There are 2 protein chains.
Amino acid sequence: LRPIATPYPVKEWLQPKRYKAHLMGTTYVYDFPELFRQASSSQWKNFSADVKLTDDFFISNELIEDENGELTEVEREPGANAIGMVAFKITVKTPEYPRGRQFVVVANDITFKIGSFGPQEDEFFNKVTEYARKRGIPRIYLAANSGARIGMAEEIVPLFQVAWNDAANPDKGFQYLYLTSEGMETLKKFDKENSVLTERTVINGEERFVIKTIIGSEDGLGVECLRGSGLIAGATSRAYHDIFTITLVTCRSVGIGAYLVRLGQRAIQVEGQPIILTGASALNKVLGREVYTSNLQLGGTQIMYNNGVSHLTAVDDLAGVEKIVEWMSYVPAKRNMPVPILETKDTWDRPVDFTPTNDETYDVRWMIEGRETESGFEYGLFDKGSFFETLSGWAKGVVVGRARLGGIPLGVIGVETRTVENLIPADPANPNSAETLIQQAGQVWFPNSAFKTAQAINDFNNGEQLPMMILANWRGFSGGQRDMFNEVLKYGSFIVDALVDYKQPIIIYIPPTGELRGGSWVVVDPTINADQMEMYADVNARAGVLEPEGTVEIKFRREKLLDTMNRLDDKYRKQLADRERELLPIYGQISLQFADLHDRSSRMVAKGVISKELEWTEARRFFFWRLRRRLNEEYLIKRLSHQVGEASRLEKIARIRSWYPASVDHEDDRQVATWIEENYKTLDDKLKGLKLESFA
Amino acid sequence: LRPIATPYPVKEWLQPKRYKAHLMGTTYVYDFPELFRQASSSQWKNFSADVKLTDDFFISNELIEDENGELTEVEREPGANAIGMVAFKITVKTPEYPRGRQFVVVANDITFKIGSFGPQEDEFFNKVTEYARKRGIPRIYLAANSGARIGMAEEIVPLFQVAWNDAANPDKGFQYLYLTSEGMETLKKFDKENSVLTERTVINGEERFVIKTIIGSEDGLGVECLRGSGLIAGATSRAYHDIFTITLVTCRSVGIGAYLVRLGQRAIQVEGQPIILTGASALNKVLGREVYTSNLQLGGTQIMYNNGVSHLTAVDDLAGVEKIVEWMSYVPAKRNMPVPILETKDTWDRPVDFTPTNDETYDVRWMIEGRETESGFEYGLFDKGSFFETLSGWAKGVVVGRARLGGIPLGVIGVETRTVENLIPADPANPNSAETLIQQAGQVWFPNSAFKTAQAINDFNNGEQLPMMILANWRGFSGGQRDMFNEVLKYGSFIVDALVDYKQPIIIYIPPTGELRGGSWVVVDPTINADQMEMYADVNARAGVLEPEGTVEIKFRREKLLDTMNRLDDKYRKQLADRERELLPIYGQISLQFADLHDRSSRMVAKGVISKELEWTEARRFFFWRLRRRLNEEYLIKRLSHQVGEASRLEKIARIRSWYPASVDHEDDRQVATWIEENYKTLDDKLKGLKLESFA
Ligand SMILES: Cc1ccc2cc(CC3CCN(C(=O)c4cc(-c5ccccc5)nc5ccccc45)CC3)ccc2n1
Ligand SMILES: Cc1ccc2cc(CC3CCN(C(=O)c4cc(-c5ccccc5)nc5ccccc45)CC3)ccc2n1
């Protein structure tokens, strides 16, 4: 016992494994449910300071496998785990789910054979993944490991012999490894006969059993651990499309551990905890030179957060757990359940205060969440304090996060208008390599920002099942040599693919001072997914194939400018050339203005390419009721789908809308939402009566 | 008429549009079906030189929209197209489909408004895509365009007036653009009232109609072309997952044209024909410096073929058409039809001649397709002349292509064992940028080669619907700083995702002299997709978590080596240190051999991680019958699926196998395939009788 005379019992002495996990710079596995309780208690405190929580608000039950390999809940003392993988089923009352929400927490035990993954740990992690998937509940993975377990047949070590080329001179070489009759007998005795595959031979009177293959009696030495690693890699790939998946990197995550981080997609990395494949010293041995200094050089946050492999960083394990809990607050309690509404002080019924200006630099986050000023807070489009930014270390030209609109959770994608700089590190393996600073113009999609946008769309859709708003403001894609060589077309195409797959309502909105041109419009047009997408443009937004400079270059050339001077200038209508020299700068401005007059939201409305033209200050009120109406109609379309056999979206929506009273304006979002909400049970009666269907 | 006195009529005079397409360095649209006839005739000549083809072997029928917008077949004179998009339905008798196969060819007409995409061209291209998708037939796109159509309201050009700040001094500026009563009347007269949105004002006695927005009477000016571009981008994204999609870049492909190339995935680029977004001169104007010299610098084959955006290059349009036809020869006639068997001179019943050696450098293509030697041809694993390599300009560390195994078409992925070099061009926009040469070690996955592998798996699965063989031979992934920063984990994870989605049989085979370690095994393990995947290892292959050097470093350390010297060396069992110095180099070799003895295919079999251990020379015979048996069982599993409502793969296969006579060995591939093929109609009788099912 160290230390002596403490007021309460020494937990690191009661369970020495707790001390071992601490020495490795991580939380002991069995202490993680307490971090989740602390983080959930903080959630309530930030939401409503006066709430009185009792311990029954949070329940953690360890999951273990019974005799039949089926998962069962247990209450046992920490550290009794016979495998290096542990899991907990958590039931917690949260501000968004005050009656309770559930999720599973899977975690490596860093104290159990260094958190290595053997076949038993792989099979348990897979069983836990399937358990969560069957229930539709989130799967949280706490990564603290050493990758696949590695071993040798330790029983053959004191038994094997060597067929020396020259017995007197060992340095001269050897032919093979073998066992003697007594070696074979030792194996026969301990029932380890199948530990080796041998070929009996006789050399100078003595029978030698030539070792052809070493198998070993102990399970979890090599290939069997690689099979289990593949199983859990595929399981995680599947889980990402099915349930909400997230990983906290709490101590190192090696090999399969690094792949699990990425396969679950959503990842929070604790600072100083590396995500690696082969380590620095192993790499150095292969390279035959001291190239790398540390594992943190290979997989620290300055690699992974800058990459977008880590969506967020955390200063410590509790900060990481808090970020999991905060991320989950935007996510349904289980698969296919409605998105969790959480109304706060900042109600839908207000104008948007922060307005961008053409003559002034702004941070898009101000438009999203608002900004603090000396004269008071300027409210943004979304709820005050609701913006949760993710992938904040990578491709900063695009701003992605979760926010709330009058309480409705949604994914938000905005455009950073300021020039973004990123530092490409010098390659330690190349002596002729130096660090590169890359500058990327604002409102231009680059390979990295296009990849981040596609990734965001997929992460809001899969597991999170959230509606989305893109505040579309791009001039185009980078068509330059470097970015074209770096496959900008591939990443831009991933955006189209991500939108095709989207299952919840989408709002595309060109904001005030905003623009959408050529290739940038293409990749975000609502006809990519007409079932879910709608486009809107601000009265102060612009859009066309080219910018006015481009349009004039192709369609308002010198001949047309001169005919315009001929019509409009009395002096014009060698003495022409000097007049042309004087008129050209202003006539170039007239032509640019003429072109800009086509790029208005009024032309977008007339041509039917946008649903409506909007005023920014009224966009919060408009979008709140539009989104609320859309969620309600989507619920009814899904109910009608359950009883038909075969009908299109257009036919399903036309039928639902035919149930609305004649006096209801189908174009009034607030009226449609209000009527549906007042009639959910009446609509249920109607849907249940439609089960008079016999379709073959 | 130019030239005069030709033996036959001047086609470039009869149809001047033919001459215009030629002046633009491309085939005239209406001459493309003839290139397909020429290429299909060549297919027959290469297959069986003595075949007698008549003109009824190939039929091309132009598709146009009728009064109701429905596609109908027409026989009309070339050049009568009222839109800049044309399509043909092709019916061709090929060596793989001697009774005929069909596909659609969609193409821009470069002579029609520079191949620009207006709303009508977009709607026709979408209608053609849907037509092919509904029928399950391939969609071939011939890209020769200028992107989205750009325009202005040309009727407002001679009408608009300017509100000068000072009428006498135009240079001093202007307030707005306006129309007069006579301007408004001109618009009223020609029924173009809605061409502008105006605001009537009176300034110094005269009524001025202030132009607030220019709309225009002509359709296809701006945003409406961007909507149509989005529609066809989404349509192509969908088509790729549904039917076989391919694009030939035959003249430039701009904007939406560049996106269509990528969205259809499979692309052949004719040399000197660029795939661009914004062009060089437009980019130069934005950058305010002469940065780029040409469009070919931005999107030539040296960009796109090196990127993997272009799967192949072609010296000319006919070479391109021939490569389409050759690619299609491995693909089913329509969606869900069986893969086309094409038996040639090189029959299944032979050993594999080319065998790799540990002490000698080899090209993996020799193992795949064989090699010419002075002593004769050394046959490879696959049919002689059947290897069709694709993505050959990009990530050369991985070799991808289509091949045939005793006539069975399949996707093949092999590993290039030689060091691969690639040249990263100097960024023209950065004066402080120079070209970089990157060397990549063989048998190591890098971000580019991992992306190429995932891309290949997806392209064999989607549309092609082919079985696959991966000749798995990777030591691991590059875990170094540069490759980790360059997101190797993301690309490696895409491999897992691509395997999860795979719908046809997969063979993973570790070849002779081959190896599969740590992270490389993980990403290719058959438990990722147990319904489709099987793994095999050569008797001369190796596999474990680490390489023997790594295993000894962790599990056979100095203490263990010294205890081994204590047991095996009579002299060992300060006078120890000098003995240690002498023994250590050979005892290090013993420990490496001890570790290598665990890495054998015999341990893989014993641990149940591979289906069988094989001998390379017998692999062609083994895999032919294994694949043939698997295709037959897959056909029956799909038939059983059509009549059940709910049953797992394991239950479906167990039922099918219960139909085999008792004397049939379920493990004998050749016997199982033979029995199924002799009993297809009898099995059909049994399946039709199982339609006594009433499941609710
Ligand atoms: C690194 C970088 C930085 C900015 C980028 C902007 C775009 C947008 C397109 C719009 C379409 N387009 C034009 O429409 C255009 C814009 C301008 C232009 C605009 C603003 C200032 C100066 C010039 N001049 C032109 C000249 C000829 C043809 C087209 C134009 C070109 C430019 C694309 C890639 C970019 N890459
Ligand atoms: C650019 C590059 C080049 C080659 C690469 C090879 C690997 C494979 C792993 C296997 C696992 N592993 C070992 O198992 C290992 C191999 C060797 C080694 C092998 C051959 C020659 C020299 C050393 N020495 C070691 C030392 C300590 C720990 C592990 C080892 C390391 C190396 C990964 C990335 C690489 N990147």
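The analysis underlying the following values was restricted to heavy atoms, covering all of them including side chains, and did not include hydrogens, waters or symmetry mates. When a ligand or atom number is given, it counts from 1 through the structure's own listing order. Chain identifiers are assigned alphabetically (A, B, ...) following the order of the sequence lines, protein sequences preceding nucleic acid strands; residue numbering begins at 1 within each chain.
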Return all side-chain donor-acceptor pairs below 3.5 angstrom for residues 470-482 of chain A, not counting sequence neighbours, or 'none' if the list is empty.
{"from": "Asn473(A)", "atom 1": "OD1", "to": "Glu515(A)", "atom 2": "N", "distance (Å)": "2.9"}
{"from": "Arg475(A)", "atom 1": "NE", "to": "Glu547(A)", "atom 2": "OE2", "distance (Å)": "2.8"}
{"from": "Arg475(A)", "atom 1": "NH2", "to": "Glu547(A)", "atom 2": "OE1", "distance (Å)": "2.8"}
{"from": "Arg475(A)", "atom 1": "NH2", "to": "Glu547(A)", "atom 2": "OE2", "distance (Å)": "3.4"}
{"from": "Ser478(A)", "atom 1": "OG", "to": "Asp483(A)", "atom 2": "OD2", "distance (Å)": "2.6"}
{"from": "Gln481(A)", "atom 1": "NE2", "to": "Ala426(B)", "atom 2": "O", "distance (Å)": "3.3"}

* To do: Look up atom NE2 in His598(A) and atom CG in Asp596(A), then write down how far apart they are to the nearest 0.5 Å.
  => 9.5 Å
* Pairs involving residues 278-288 of chain B, ordered by first then second residue, that meet salt bridge (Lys or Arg N to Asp or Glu O under 4.0 Å) (sequence neighbours left out) -> none
* **Flag if over 12 foreign heavy atoms under 6.0 Å of NZ, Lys396(B)** => no
* With a 4.0 angstrom cut-off on heavy atoms, strictly below it, pick out the residues next to ligand 2 and order them by chain and number. => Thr278(A), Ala282(A), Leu283(A), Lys285(A), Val286(A), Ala441(B), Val444(B), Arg475(B), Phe477(B), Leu546(B), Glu547(B), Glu549(B), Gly550(B), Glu553(B)
* To do: Answer yes or no: does atom CD of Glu421(A) have more than 12 heavy-atom neighbours from other residues, nucleotides or ligands under 6.0 Å?
  => yes
* Structure fact -> side chain to side chain contact (heavy atoms under 4.5 Å, CB included) filter on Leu584(A), not counting sequence neighbours, yields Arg558(A), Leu561(A), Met565(A), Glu580(A)
